[PDB]
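Take a look at the structure below.
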Protein chains: 2
Amino acid sequence: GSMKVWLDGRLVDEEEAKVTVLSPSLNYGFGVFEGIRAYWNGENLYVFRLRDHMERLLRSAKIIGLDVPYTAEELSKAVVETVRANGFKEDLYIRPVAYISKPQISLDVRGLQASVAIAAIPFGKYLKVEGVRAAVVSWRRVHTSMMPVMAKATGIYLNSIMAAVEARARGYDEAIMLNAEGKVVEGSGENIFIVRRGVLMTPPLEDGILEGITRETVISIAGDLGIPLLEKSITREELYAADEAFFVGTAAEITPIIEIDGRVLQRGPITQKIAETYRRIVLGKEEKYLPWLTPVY
Amino acid sequence: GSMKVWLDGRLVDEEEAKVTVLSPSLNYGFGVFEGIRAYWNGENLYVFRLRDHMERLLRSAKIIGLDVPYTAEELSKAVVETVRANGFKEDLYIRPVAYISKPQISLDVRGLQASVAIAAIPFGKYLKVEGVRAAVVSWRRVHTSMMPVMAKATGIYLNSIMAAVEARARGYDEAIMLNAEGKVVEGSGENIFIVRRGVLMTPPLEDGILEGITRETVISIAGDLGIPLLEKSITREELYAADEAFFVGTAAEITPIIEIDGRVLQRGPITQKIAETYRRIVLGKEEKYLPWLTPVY
Ligand SMILES: CCC[C@H](NCc1c(COP(=O)(O)O)cnc(C)c1O)C(=O)O
Ligand SMILES: CCC[C@H](NCc1c(COP(=O)(O)O)cnc(C)c1O)C(=O)O
């Protein structure tokens with residue numbers, strides 16, 4: 001067992017895909033990354049919303065001032081080449097990461113050129129498919145006036161780490177974070193939805209959350225299924241009182257939340273319908289959505 | 001030209017001191033680092049407050065939940081061995097960095113063991129010794145309720161990057177950041193002092209700043225010199241109206257601020273006295289302080 005990894009145009013062994021410990025990306029949290037799934041349906045391997053993830057990678061890089069010298073098209077091709085070169089025929093999580101490979105102590109990162117690495121890794125479920133127990137954590141989500149939280153920027157994730165570790169140490173599966181204004185915004189690595197009186201609600205972008213591609217997927221799904229949907233701020237009380245709640249994300253997929261700070265919630269019907277639909281979409285069984293699947297072979 | 005670098009007990013070439021691009025330290029800003037100077041006085045090479053920096057490295061790691069399997073003593077010896085092994089006889093900036101060397105997508109970083117790398121690099125002045133022009137930037141310093149800013153934690157520095165880049169792009173030498181409550185707290189990589197009516201003032205730790213070892217040095221210096229000193233919050237207006245102001249830091253040393261957002265300040269007498277004293281201290285000419293100098297040879 002040793003898989004290949006794309007790195008600035010070249011396939012190398014995992015063991016050779018390394019960056020100097022003096023990199024300002026390692027020292028100062030200055031890079032961007034992505035999370036992309038590929039699903040095996042029995043007949044092919046499909047990368048889900050590949051192009052969308054690669055355009056977001058570049059939006060992230062533009063947001064933080066990182067120069068990524070590749071286009072979204074190149075990056076997309078790179079993913080396909082990398083999955084091929086390994087001959088995977090199973091569910092993958094794909095990690096592109098863009099970082100500075102030059103050693104540099106100076107915070108002045110102007111004019112640097114990012115490298116990109118892409119790894120593909122066998123991956124099953126991230127959260128219990130039957131539902132997870134969640135805790136609102138003491139750590140607040142980092143705020144837009146301090147760090148650009150809408151970007152999937154590496155240094156921001158120290159915030160997600162504090163959150164994730166705190167919930168897990170206390171026995172739970174996942175953290176929920178509030179923003180600076182006390183609104184429910186995000187799991188450590190998931191966007192969040194609740195259902196209240198048959199309306200689906202998810203915090204708006206302006207609340208300071210990652211603009212998740214799963215989130216966006218679920219918004220279209222709700223459009224198709226005729227489920228009324230509001231992008232509206234959510235408070236802790238609404239979460240405690242929700243008829244249902246669930247997390248969404250590339251790794252997380254669609255996962256029900258069956259407990260929040262000891263308050264029990266049903267594994268609910270809207271969650272279930274959305275989870276079933278999303279599975280059909282990613283496995284290639286919904287014709288309308290095939291433009292979002294990139295065949296590897 | 002190729003220098004040696006300490007890495008988990010072993011001296012290796014810079015080119016071999018590399019970490020997998022899948023490291024949660026690279027992907028999620030989860031590590032800690034230090035900044036340590038060594039000064040050449042003509043007769044020896046002295047590392048300044050080595051032990052203090054290494055104990056802070058470990059406080060940082062304890063703060064963010066990173067397990068560093070070395071003691072401050074070991075880390076100190078490592079620095080000396082590394083400077084020796086390179087045979088430097090000149091001014092150095094030393095970068096220890098503690099990070100996770102295992103590849104890992106999961107945010108669950110519990111139970112991991114950090115590696116440490118230590119590099120030493122020739123280094124002269126960071127900011128113009130005659131004084132710098134500074135701008136209060138649009139980016140706020142990250143807040144304690146979101147990230148542990150008192151630690152020298154890698155992912156936090158994306159905040160310092162946004163600040164430093166913004167000031168430099170607009171033509172200035174350095175950024176000043178306000179905290180969430182609007183108080184002047186820190187440069188992108190410096191603590192800040194002002195002098196108002198002959199009293200030296202620097203923001204208190206609780207304002208959300210790095211507990212700088214230079215800052216601490218200057219507080220003792222002021223004690224010795226009989227300069228009244230307050231650890232008190234500073235507002236923008238006080239900075240505009242200061243009789244003098246200056247930045248301090250390992251890299252920065254003691255640097256006057258001669259302009260803030262177009263408002264001119266004198267290169268002042270207290271700044272000068274503190275800069276002259278600090279130089280004498282680090283070059284070994286002040287007997288009282290010799291316990292803070294570690295001879296390399
Ligand atoms: C492992 C870190 C989590 C990681 N990010 C997913 C993620 C999301 C949802 O984003 P999307 O639906 O675009 O996947 C929301 N919020 C955060 C903090 C995330 O990490 C993931 O790649 O799934
Ligand atoms: C290159 C990043 C700046 C870096 N940190 C120094 C530094 C200080 C002052 O700390 P000390 O006096 O302990 O050095 C204050 N504040 C910040 C944000 C810093 O980066 C330095 O190593 O000097």
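In the structure tokens, chains take the letters A, B, ... in the order shown, each chain's residues start at 1, and ligands count up from 1 in the order shown.
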Just the residues within 10 Å of residue 179 in chain B, please, counting only C-alpha atoms, with nothing from its chain fewer than 5 positions along; format it as a VMD selection string. (chain A and resid 146) or (chain B and resid 139 to 144 184 to 186 207 to 209)
Output of the above residues as a compact mmCIF listing (two decimals), in the first residue's frame, restricted to C-alpha atoms:
# COMPACT_ATOMS: atom_id res chain seq x y z
CA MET A 146 -11.06 39.07 11.87
CA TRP B 139 -8.83 43.72 10.00
CA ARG B 140 -9.51 43.28 13.70
CA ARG B 141 -7.27 41.16 15.84
CA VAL B 142 -8.81 37.73 16.32
CA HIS B 143 -10.72 37.37 19.54
CA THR B 144 -10.12 35.11 22.52
CA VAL B 184 -5.19 49.37 19.98
CA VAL B 185 -3.58 46.00 20.72
CA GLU B 186 -0.75 44.78 18.46
CA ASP B 207 -6.93 42.80 25.63
CA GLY B 208 -6.12 39.77 23.53
CA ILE B 209 -2.48 39.99 22.58
Quick one: residues within 7 Å of ligand 2, with only C-alpha atoms and all ligand atoms, as number ranges by chain? A: 105-107; B: 34-36, 160, 186-191, 209-215, 248-252
Contact residues (chain A, partner chain B, 8 Å, only C-alpha atoms) as a PyMOL selection string: chain A and resi 14-21+25-33+64+97+107-110+117+138-143+145-147+154-162+164-165+168
Using the chain letters and numbers from this document, which residues of range 48-275 of chain A does DSSP assign to strand (DSSP E), as a VMD selection string? chain A and resid 48 92 to 100 114 to 122 132 to 136 174 to 178 183 to 187 191 to 196 199 to 202 229 to 231 234 to 235 244 to 249 253 to 260 263 to 264
What gap, in Å, lies between CA of residue 37 in chain A and CA of residue 100 in chain B?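 Spanning CA of residue 37 in chain A to CA of residue 100 in chain B is a straight-line distance of 24.5 Å.
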Extract the full set of helix (DSSP H, G or I) residues from range 163-232 of chain B according to DSSP on the backbone, and format it as a list in words.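 Assigned to helix (DSSP H, G or I), within range 163-232 of chain B: residues 163, 164, 165, 166, 167, 168, 169, 205, 206, 207, 213, 214, 215, 216, 217, 218, 219, 220, 221, 222, 223, 224 and 225 of chain B.
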Name the closest residue to residue 89 in chain B among the candidates B:202, B:266, B:41, B:2; distances are taken between atoms, counting only C-alpha atoms. B:41
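Proximity ranking of A:61, A:175, A:134, A:83 relative to ligand 1 places A:175 first, based on only C-alpha atoms and all ligand atoms.
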Give me, as a list in words, all polymer residues having an atom no more than 9 Å from range 47-52 of chain B, counting only C-alpha atoms and skipping those fewer than 5 positions away in the same chain.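 What passes the distance filter is residues 36, 37, 38, 39, 57, 72, 73, 75, 76, 79, 80, 92, 213, 282, 291, 292, 293, 294, 295 and 296 of chain B.
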Close residues, residue 113 in chain B itself excluded, 7 Å, only C-alpha atoms, min 5 positions apart in chain, as a PyMOL selection string: chain B and resi 67-69+100
Which residue gives the smallest distance to ligand 1 among A:231, A:243, A:181, A:55, with only C-alpha atoms and all ligand atoms counted? A:55
CA of residue 234 in chain B to CA of residue 183 in chain B, distance in Å rounded to a single decimal: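 Computing it gives 5.6 Å between the two atoms.
Computed from the coordinates, the CA of residue 216 in chain A to CA of residue 242 in chain A distance equals 21.1 Å.
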For residue 260 in chain B, work out the shell of residues within 7 Å, counting only C-alpha atoms and skipping chain neighbours fewer than 6 positions away, then give it as a count of residues only. 4
Pick out the residues sitting within 10 Å of residue 10 in chain A, and hand them over as a PyMOL selection string; count only C-alpha atoms, and ignore anything fewer than 6 positions along from it in its own chain. chain A and resi 4+78+82+117
